[PDB]
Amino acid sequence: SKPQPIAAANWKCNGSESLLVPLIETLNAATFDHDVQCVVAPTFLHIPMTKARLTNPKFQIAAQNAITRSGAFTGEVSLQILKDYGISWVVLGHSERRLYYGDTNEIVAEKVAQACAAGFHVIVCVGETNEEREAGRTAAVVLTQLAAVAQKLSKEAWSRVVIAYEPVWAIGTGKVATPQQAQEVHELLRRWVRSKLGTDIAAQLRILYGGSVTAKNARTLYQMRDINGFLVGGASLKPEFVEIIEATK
């Protein structure tokens, strides 16, 4: 009675034809016998090679970011450019962009509203830092990030929204997340969605875990009642990613 899981690969700022081609070919060979939406997010530069070569029908290609409009924005890629290319999924609000690249709550919320308006599926990332977690602000922070996005969306747009929780407090700090800690946050995120949008939207919403996911820990994470799959970092650049997809059975 979980909704359809998602196994998503965030390749981040990594890649080359030598690295990615064998990886894509492996995914093409992978068969799953369960209903799962798979997603790969290459850098913008590798999207064309990935679209040309990825043949597995259970996969969609996503961008790792987008801006809201085409125009005089040197360096950036807009949603409209992506849509014209045939890309219909996008990751928005990733912790790395919130930290280093100017993704404020308001900027993320506007990107999400426009992506949804243009027909995109969106993986919206939320997560608290170590200072925030230790101040006891975990719930407040992730719900503030979520509410900013939610305020702009009509009910129907939620069918194309996916949330990813990133335990930012666990990167480089000495801290390490457990599945039960992830479950606690996934659960409070869903309860807020339930309170705002109703039981059906909450039950069908995919909330993916975006902390460190490996073939070693994926099965135990997916066992948690409110975890609907993964936004995977480093392991998604490796053949072990196939086993991670398998753990969403």
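All residue numbers are counted from 1 along the displayed sequence.
- For the pair 81-89 and 125-133, the record assigns the higher mean C-alpha temperature factor to 125-133.
- Taking the PDB entry as given, 32-40 carries the higher mean Cα B factor of the two stretches 32-40 and 63-71.
- Reading the B-factor column for the CA atoms of 203, 215, 47, 189 in the entry, the top value corresponds to 203.
- Within the listed group 105, 173, 159, 151, the record reports its top CA B-factor for 173.
- In this PDB entry, residue 114 carries a Cα temperature factor that places it within the lowest third of its chain's modelled residues.
- The deposited CA B-factor of residue 14 belongs to the lowest third of values across its chain.
- For residue 207, the recorded CA temperature factor ranks within the lowest third of the chain's modelled residues.
- For residue 139, the recorded CA B-factor ranks within the highest third of the chain. Only modelled residues enter the ranking.
- Per the PDB record, residue ranking by Cα B-factor puts residue 145 in the middle third of the chain.
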